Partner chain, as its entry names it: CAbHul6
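Shown below, as structure tokens, is a lone chain in the form solved without the partner chain; questions about how it binds or moves come after it.
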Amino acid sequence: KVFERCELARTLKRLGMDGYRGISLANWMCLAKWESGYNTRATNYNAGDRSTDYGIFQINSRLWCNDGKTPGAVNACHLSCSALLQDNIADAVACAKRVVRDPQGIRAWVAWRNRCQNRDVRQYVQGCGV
């Protein structure tokens, strides 16, 4: 489903993402924005290494979730990749919290580095009453 901005902000707030490992909600919002445009159905296959990125956070099938067809898959979230294409994002959030427990944190998503790091990201949460 495609979330509306403030609708997603409050959902992430309820699921405990604000300040999780020091990451504000505005930073998770900037990440979902640029990864999928807040769309839970988004997939991106990467023909060079044969992995696919799934859901609102574009979590990759080599390290985090298992789709059965990715070479050298780790499945660190212990989650089927199809759990990340659901309209309910609770599973995508539990796996996103696993990704940032690694030392790189949110820097693991290069799109965050390109689009959100060292920028004013508070316009993503503004007006949502969060």
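Residue numbers count along the first chain shown, from 1.
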Fill in the blank from the handout: Entry B factor averaged over C-alpha atoms, 78-86 against 27-35: higher for 78-86
Completion exercise
Of 88-96 and 65-73, the stretch with the higher mean C-alpha B-factor in the deposited entry is 65-73
Fill in the blank from the handout: Entry record, C-alpha B-factors for 46, 40, 60, 104; the maximum is at 104
Practice task
Just say lowest, middle or highest third for the CA B-factor of residue 9 relative to the other modelled residues in its chain.
Solution key: lowest
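One more form of this protein should be noted, the form solved in complex with the partner chain, which is absent from this view; the next part is about it.
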Completion exercise
Taking the partner chain in the bound PDB entry and a 4.5 Å non-hydrogen atom cutoff, the residues of 67-92 making contact are 76, 77, 78, 79, 90, 91
